[PDB]
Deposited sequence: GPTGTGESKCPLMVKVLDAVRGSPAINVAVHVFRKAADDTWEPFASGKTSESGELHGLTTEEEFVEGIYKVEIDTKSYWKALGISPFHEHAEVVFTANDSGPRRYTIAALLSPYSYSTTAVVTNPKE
């Protein structure tokens, strides 16, 4: 697994489950191409987005649909989504996000 995603809920102290995540790669023409997507699991994780063959060097955007997550909990959140944009330049990338209605934090663990 070259790329994983993890999402936590800072209000409830739980994984953030069933959160939609879309990944994009920047194309030559400077636009974003759909690359991979999924929903976080019961553990707040999304594995199997890509393979090491397909995950070549490039600029990637990971978009986390935080607004839907909070709306489902009856909470009016601030952000439309959380985006994480980074260059992958070669082994394993974990993109983690910790969510609150008016705040989020993200870190990369690269091993």
The answer, as deposited-sequence ranges with no C-alpha, is 1 to 9, 100 to 102, 124 to 127
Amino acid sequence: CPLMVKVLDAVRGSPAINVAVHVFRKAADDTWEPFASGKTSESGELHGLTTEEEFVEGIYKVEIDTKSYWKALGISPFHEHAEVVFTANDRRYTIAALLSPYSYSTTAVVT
From here on, numbers count along this sequence of modelled residues.
66 to 74 versus 25 to 33: which one carries the higher mean Cα B factor per the record?
25 to 33
Entry B factor averaged over C-alpha atoms, 95 to 103 against 15 to 23: higher for 15 to 23
Which third, lowest, middle or highest, does the C-alpha temperature factor of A108 belong to within its own chain?
lowest
Thinking about Cα B factors across the chain, which third does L49 belong to?
highest
Compare the C-alpha B factor of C1 with those of the other modelled residues in its chain, then answer lowest, middle or highest third.
highest
